[PDB]
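Going down the list, the protein sequences come from chains A, B, C, D and E. Counting with the entry's author numbering, you get residues 149 to 289, 304 to 345 for the letters of the first sequence. Per the entry's author numbering, residue 886 is the first one in the second sequence, and the count goes up by one each step. Per the entry's author numbering, residue 2 is the first one in the third sequence, and the count goes up by one each step. Per the entry's author numbering, residue 126 is the first one in the fourth sequence, and the count goes up by one each step. Per the entry's author numbering, residue 591 is the first one in the fifth sequence, and the count goes up by one each step. Let me begin by presenting the structure, written as structure tokens, before commenting on it.
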Amino acid sequence: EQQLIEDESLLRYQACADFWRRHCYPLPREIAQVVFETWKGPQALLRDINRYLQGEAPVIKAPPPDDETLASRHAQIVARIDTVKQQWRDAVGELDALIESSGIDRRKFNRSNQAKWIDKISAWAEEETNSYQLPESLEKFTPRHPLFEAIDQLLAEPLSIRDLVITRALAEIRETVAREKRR
Amino acid sequence: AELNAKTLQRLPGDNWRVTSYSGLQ
Amino acid sequence: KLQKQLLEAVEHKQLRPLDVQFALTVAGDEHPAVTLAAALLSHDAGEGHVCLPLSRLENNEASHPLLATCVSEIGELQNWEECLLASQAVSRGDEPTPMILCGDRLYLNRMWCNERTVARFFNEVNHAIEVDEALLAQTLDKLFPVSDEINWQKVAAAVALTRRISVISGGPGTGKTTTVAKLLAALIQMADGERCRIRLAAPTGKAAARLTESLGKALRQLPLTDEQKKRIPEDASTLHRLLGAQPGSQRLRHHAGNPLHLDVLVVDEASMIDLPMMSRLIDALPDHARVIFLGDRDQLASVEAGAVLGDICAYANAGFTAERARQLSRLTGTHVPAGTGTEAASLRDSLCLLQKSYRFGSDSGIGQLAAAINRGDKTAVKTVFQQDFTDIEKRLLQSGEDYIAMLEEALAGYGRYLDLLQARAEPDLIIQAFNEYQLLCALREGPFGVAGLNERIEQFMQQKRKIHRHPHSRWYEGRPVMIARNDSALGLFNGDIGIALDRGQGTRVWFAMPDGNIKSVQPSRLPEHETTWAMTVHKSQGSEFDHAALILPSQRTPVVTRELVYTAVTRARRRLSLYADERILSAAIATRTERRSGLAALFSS
Amino acid sequence: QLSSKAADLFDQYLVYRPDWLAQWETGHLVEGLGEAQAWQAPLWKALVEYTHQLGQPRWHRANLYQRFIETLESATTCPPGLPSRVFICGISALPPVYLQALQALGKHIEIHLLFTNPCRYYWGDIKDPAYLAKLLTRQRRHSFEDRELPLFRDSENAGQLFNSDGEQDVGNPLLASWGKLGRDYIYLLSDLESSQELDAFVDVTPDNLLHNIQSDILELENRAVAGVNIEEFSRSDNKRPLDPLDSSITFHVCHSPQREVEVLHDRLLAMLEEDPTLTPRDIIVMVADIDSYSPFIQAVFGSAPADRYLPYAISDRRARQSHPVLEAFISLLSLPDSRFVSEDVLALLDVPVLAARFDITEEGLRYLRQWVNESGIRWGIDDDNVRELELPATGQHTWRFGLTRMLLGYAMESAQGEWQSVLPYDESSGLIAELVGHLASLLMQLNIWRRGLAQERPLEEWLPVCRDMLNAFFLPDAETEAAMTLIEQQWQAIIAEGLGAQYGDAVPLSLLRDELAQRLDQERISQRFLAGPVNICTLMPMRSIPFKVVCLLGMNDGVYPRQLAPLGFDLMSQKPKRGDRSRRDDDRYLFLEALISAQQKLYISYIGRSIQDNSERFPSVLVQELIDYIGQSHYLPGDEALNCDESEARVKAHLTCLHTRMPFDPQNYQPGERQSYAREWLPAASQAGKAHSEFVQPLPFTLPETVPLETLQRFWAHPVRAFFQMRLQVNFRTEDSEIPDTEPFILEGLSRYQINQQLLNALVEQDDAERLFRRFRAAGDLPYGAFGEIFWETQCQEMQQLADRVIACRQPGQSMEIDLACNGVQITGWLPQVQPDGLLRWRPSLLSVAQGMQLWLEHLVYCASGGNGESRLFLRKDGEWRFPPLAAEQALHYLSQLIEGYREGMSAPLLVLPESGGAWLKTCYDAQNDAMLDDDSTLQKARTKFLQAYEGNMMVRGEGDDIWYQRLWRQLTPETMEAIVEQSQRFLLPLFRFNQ
Amino acid sequence: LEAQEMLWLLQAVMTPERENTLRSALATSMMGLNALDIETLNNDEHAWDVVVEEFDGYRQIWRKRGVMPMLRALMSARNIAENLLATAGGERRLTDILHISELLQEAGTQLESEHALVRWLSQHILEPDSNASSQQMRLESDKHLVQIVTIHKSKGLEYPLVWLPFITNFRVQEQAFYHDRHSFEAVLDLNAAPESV
DNA sequence: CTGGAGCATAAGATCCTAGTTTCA
DNA sequence: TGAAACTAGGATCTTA
């Protein structure tokens, strides 16, 4: 003897807010800032992942390992930023770029802008002129140092927590909804 | 058109009940 | 712990659920001394009191072994000052903490700030206003042609125009409206070239309307210049309406940063102005505002917790300041008594009182007994034994055989109105004729109360042929109604009395407008209504009847007090009644209660 | 659920097939049987052994009947205690075991058995040819002679009886298709040995259509014309004629159930009008399910007026005597799983019994509602209940947090500060605070009982829990005693059967609660079944009362026959037998008996077309077969020789009448036969009244001499709204927004506007914002922890940017008084905080033309009252509104224009749209030549800008979506658009002229 | 607007004593009183008396026989069912009024009390779900109309003449939810890889 | 044991461009 | 003239 229900959206919102209550309150500020700028509320998270959460669960291309957490991912990305910061602070004060006709001489003011930008790695967003040392940008206009490729491999792939939080949410809200309806 | 609603002239129902000593009491 | 003991006390009906749960949430699992002190302090505040001295808490011993429970740890635990300040729920005032400890009296922080505001207003802010004695005495003897003896009205008007804040006490039936009319005439005639925003106010709407019509008639009766008659205040308003209090919220439109823009204020009937209302009114006044209060010294107490006017007028027996007595003797031309020593010049001169009753004095038995009730019970019982003065009665209502005689006497008193109703009376005269006799009571429910008395008296006129009812109707032609909640759109106030009589155009309720007109309202439009063949003493304030009839309860109740008996005596005009056992009445008069307050400690220092 | 299903199956076995139980008590199986025997037989044997081991008596209905039959087959005539006679009236389905018992007992007691078969002859099945000769017995008439099935030699010889199957040649397809239960019952009755059978078959004269059908059923024939040969198929004069004025059987296609009952009511009134000695007792209305039709029955039979009222009595509806306290008790048993949402607990306090037990009155309920809404109560009752769901224990937004806030506000004043990171609640302060004590007593009891009801205890400890609940949460009134006694009775009965069956283990509460809830709806009421009103009832088996008018309602496909699929592992579904009973055959036989028992008129009605999408929804198979038989065995008297199919289509169209979708269609009121009695809709159908007049009317208004300045401020905040709620004093005050579900994750709208306003007013005074941030954190207003800190720091960074610009142009000032004389009309009021350079106001919002109007009015008053100075306004996103100092004559002229606009707009709804008209004026007016432009491209740009300002995007709300405008006009007509843009251009041009 | 309108009517009928909440429901769009008529009503105390008496009669009819007969008496005594039909764009409003009436009767049968029904109606105005019952009916099929239908709901039907005004319109999908072209699976990619895009 | 008061408020964002200004 | 960063305005944001 069962009872049918199709008003499942209340359960879905309750479970998604329950996950966001369990897995994002105990974060410190240095990760909560990144979470907040990715999205502000559990309603926004469910608006992102609703069409995948309903129906049959899809298969994520290149899933993250199960034994990875948000703190570990943030530590990895901040270490990756700190490495490029260390390299550029070591090798700052040299010229190996040919000043071409399309390459202005005043663009070295952006290098000093980057120098003032490096203060602390606790943030997440770099200055937009970091793409000026890109090999693809300069080839239109000579590595001589590893950072000229380190910036390339840093900027080739984006730095975010989105995949991890989406995977954890889509793996846990389904279980919470199923267990609540079973109960 | 020209139209009107029919009217029931007699009383529709009688006065019948099955009382359980409530109306008398 | 002691939560089960507190719940046992609650089921014994000696505390309140608010009291126990507030004590629990302010003390947590601390030492039981703080828990018990918080419970008794919450009960004391909820009863109507303000403060709580420590000697009360270790000298009451009413319900529980306080020592045998509160002994918890080392040290001689009778140093209750440190024993209660050790916990986080009691502070000395420097921290945001609920229980406060100021003068070895524990009381709530809201009560603390309200009492401190009241004391600061009545001790320091009340300055002295200097006016030329020659023109002042000219105005006084122009508006007061009589110059034979000690005129308390002259004294009151002089001292009230002299000081910035002036309390004017006096019994009901003294001429307080006349004194206020003289006061306003003197003030307007003194201040000519200065704009004066006069405002009148009252705590309840019925008293506000009575104040408007009384001062309107009086101030048109006194002769003034046309610009002075322009300067006469137009109308009054209920105190919440003047303050700008929102319906649901606890915000004020006239907060301390936005004072009300009115120059002089008259607060009629300040007996029921509670202490939080006094503090919230004090925060609303500007710097150059002068106020004059009114009301009896020993009327029935304020409905909300906290009484202020009694605690002010307790200093009336101190007498005037020595220099101020000579000042008043200079002004009024007669002699005023002086007070021995000195206690506080500002308070002792700001206050005034009207000793000499002028409407009905000691010659009337009502006035003699009203003067005697404030004294001991022996004078009262002696006065009612000695020949009864042919203006007051007493029936020993003890059983139903006396109760039926009481009902017969009540319908005998209501006879004229009832027979006019049976003779199809005209509206103004039947409303006038209803307002001469009215039974009173102290309780609400039971054999002695509003509902029980209404049921029994209505059944007695259902049996004896006076007026009939119908069980489907609930509205028989001739019932009295009293409106509970105020009605703004209809323009009828709380407490107003009307008779539902079927003129012929439909059974409509006819009301007595304070300007003499008659207002008819469809009963479908009536907000609320209760039958009032007998109405409570607390609802009787501000109105005066021609034949009162108080019925005391059978047993001892916490609502019956000397103040209630005195105001029920003072309600009538010319004839009084009484229905009380002598032992119960003597106990009620003898039990002189009060409210624990710290104002008496603040004023002496 | 498994044990209950198995026990139901075993009881069904006990009644119907005792041989299986006799075999399984020994231990062998039964050959030729389906699955589930392998686990059902040892279950039954173990049950017999267990109930022997419990000491309860061994006897039961499976092994008792054989001993009983053997006892009464050979004894005296009268063993003691037996009744003299016993009647069996109106039961048409009895088990074969019961019939064997009755014929065994019949030798001793004279038993009168009364049976209503619709056919007259023998219409049953046959077992064997050696059994057919046994059917050469004969029924004896009550007086006259004997008879049986007609032409009994060559009928048995012919194909009337099949090889093994039933009577294939019964004739009547209605009887063949429907009487599946009756065939088994008559085969059982004719199989008895000692029975002495007699008949009383009153005939029916075939005149009406209904009597034609009933006579064809009775005499067991078949008048339907099929047309095998063409000389038969062409001619069509051999069916019976039908009177076109004959309305015995009618079918009524309808749209929605409300319309269906509205049609039925009118037809019953017409039937009563036509037949004089017809009374509303003799009319029945039969519904497939009464719970989904009862509201419409009540609605239209109550909406009938006094002159046209015939009383109804809805029998067989589920009783709900005290439904709120029933739900309160069920939800109170559902306590330990609840999360204590504040809305649900307030729906619990909606119960008057529980409110009176905890002495909170209806005056206090409103104040508790507002206080729960504002104070921030959303979640579980304690911190322990939050932790019990394995969530972070935040502490805030709980019931205990809200009650702590309320009590701390009673002891505190809100301006003091927090105590234990709880900001006190300023409202609960006086004699009204004892409601908070009563609410906290409620919460203490709920917390104690949700702690107590958690563990699993045996039924002896579950016994007093119901009594404890009722006397601890409810105050018994005169009304509530019936429901409370019924609840205690049902709970006691459940635990009484559980204790008498000797159950010992632990039982969780959810089991008992589900059983109580499932039992509480099994008790129907039918006390007023045939008490005199028109008898509304659902179709029930073995209830065949002969009425005069039978109305069947709601016969769509799938709805009727009511489907009940068997359990699947039932062993009667695999191999059935003769007397077995199933719900499909049951409902078909009830349709047949409904057709038979209708004596005078019939009324079959079904939903034809769904009212939403105007699709097609078919009638039931039963009604379809009935209509097919009517069409195949009748013909209209006109088309005497047309065709079989043409005659069938003609009569099918003649009988079924459609019905109008909506009642005021004049097709209802056109004269004839289908003429409704609803006089209420007659002006609506005949269109006999005038349309709606326009709301804009010239109102007589006279301008007074003293106009306070707050009147002009409140007027120019919104002019149309000011006309609505200031001239004629109507205010469409909408309801309060409800309680939010959860704690604030993000803050939008007013909830952040108030925060920004307080933060900005503190920041301009150069105060540290940490104190106010702690105040908000203790208030339970900001989001939790790090998210709250992030939101606070970004709001601090925006308000710091605004307050820097405010501080850079601020001089300390004071108030001033205002008293002018403009056009002979005095202006009174005050202006707050005017400084020597003039007027300064700061406000955290976006650039709004209404606020520009507000500053412009406040500045004209100041500039007319002297005051050489400027007036500035500072907003979000570096918005600004600056006005230069003017001359006194210019200020008085502009203020004269504003006062004239006020006196016009109090008389007519002055059409100044501030945002949209402001955007249009900003698009058109050019600040270079200071002249109004006219070029068509800029007019079209202003047109589309005005529409984009009037109606917003999909996720911003434009100024159109406001009740003050929807009351005047719905769709913005271009003529009114020209009028509003003319008025806005007249009144808003000083603003864009002087904005610099 | 009709849901909010019936909320105002129910609020006025519950307490006809309160002059403000009676005038609020009297001055609405479906009774159709003029501003001049409301101004005349605010002055004639006899008119206000008879209006209050009539609304008290409605309250008694409701408390005796449910919601729908009170509404039907209101229609028959205020002529609104015919005035809306006479006013253009009125069949839609009348069908919405009758639909809300049917929903109100169906909910008020189960809902025992009276104020609970008004709270229920306000709750459904604040929370308008999109279930099967509370979807909008068609105004009339006798009125021959130009039917506008979505492409998806048009699938399976038959239309004589068809217009496709906005068929060239499209909307570029940026979201990366692509199917495999070999194994035919659902390969969600969380990143913004332009190949999967 | 019982006194009081009416009304307003907010508004999206991400991003690519044209054009503008500045500079070797 | 080539370039290149930059301020402000603009457009567009579904389906049973």
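Heads up, the beta-carbon is just placed ideally off N, CA and C, and yes, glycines get one too.
Rounded to whole angstroms, what's the CA-CA distance from residue i to residue j? Just pull it up for me.
| i | j | result |
| --- | --- | --- |
| D/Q1110 | D/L1046 | 6 Å |
| D/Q854 | E/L599 | 17 Å |
| C/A203 | D/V950 | 32 Å |
| C/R480 | C/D312 | 41 Å |
| D/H843 | D/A1013 | 27 Å |
| A/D230 | A/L317 | 14 Å |
| E/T618 | D/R1092 | 7 Å |
| E/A766 | A/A331 | 18 Å |
| C/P338 | C/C353 | 12 Å |
| C/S43 | E/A667 | 58 Å |
| E/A783 | E/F774 | 19 Å |
| E/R655 | C/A413 | 47 Å |
List the residues of chain E that residue i touches, going by C-beta distances under 9 Å, in chain order.
| i | result |
| --- | --- |
| C/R242 | Correct list: empty, because the minimum Cβ distance to chain E is about 17 Å. |
Who are the near neighbours of residue i in its chain, counting only those whose CB is closer than 6 Å to its CB and skipping five residues on each side?
| i | result |
| --- | --- |
| D/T151 | none |
Which residues of chain A have a Cβ atom closer than 8 Å to the Cβ of residue i, listed in chain order?
| i | result |
| --- | --- |
| D/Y909 | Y173 |
Just to make sure I have the definition right: I need the residues of chain B whose C-beta is within less than 9 Å of the C-beta of residue i. Which are they?
| i | result |
| --- | --- |
| D/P405 | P897, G898, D899, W901 |
Under 7 Å between beta-carbons, which chain E residues line up against residue i? List them in chain order, please.
| i | result |
| --- | --- |
| D/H817 | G622, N673, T677 |
So residue i contacts chain B; which residues on that side make the cut at Cβ distance below 7 Å?
| i | result |
| --- | --- |
| D/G657 | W901, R902, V903 |
**Prompt:** Quick check: the region 481 to 496 of chain D against the region 505 to 513 of chain D, are there 3 or more CB pairs under 8 Å?
**Reply:** no
**Item:** Residues in the region 526 to 540 of chain D having any Cβ partner in chain C nearer than 8 Å
**Value:** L528, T529, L532, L533, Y535, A536, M537, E538
**Prompt:** If you measure beta-carbon to beta-carbon, which residues of the region 521 to 553 of chain C are closer than 8 Å to chain E?
**Reply:** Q523, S525, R526, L527, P528
**Message:** Please identify, using Cβ separations under 8 Å, the residues of the region 642 to 661 of chain E that lie next to chain C, in order along the chain.
**Reply:** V642, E643, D646
**Request:** Give, in chain order, every residue of the region 154 to 165 of chain C whose Cβ lies closer than 9 Å to some Cβ of chain E.
**Result:** none
**Prompt:** Okay, do the region 195 to 212 of chain D and the region 162 to 174 of chain D touch, 3+ Cβ pairs below 8 Å being the bar?
**Reply:** no
**Asked** Which residues, in chain order, does the region 762 to 786 of chain E contribute to contact with chain A at a C-beta distance below 8 Å?
**Response** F767, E775, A776, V777, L778, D779, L780, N781, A782, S786
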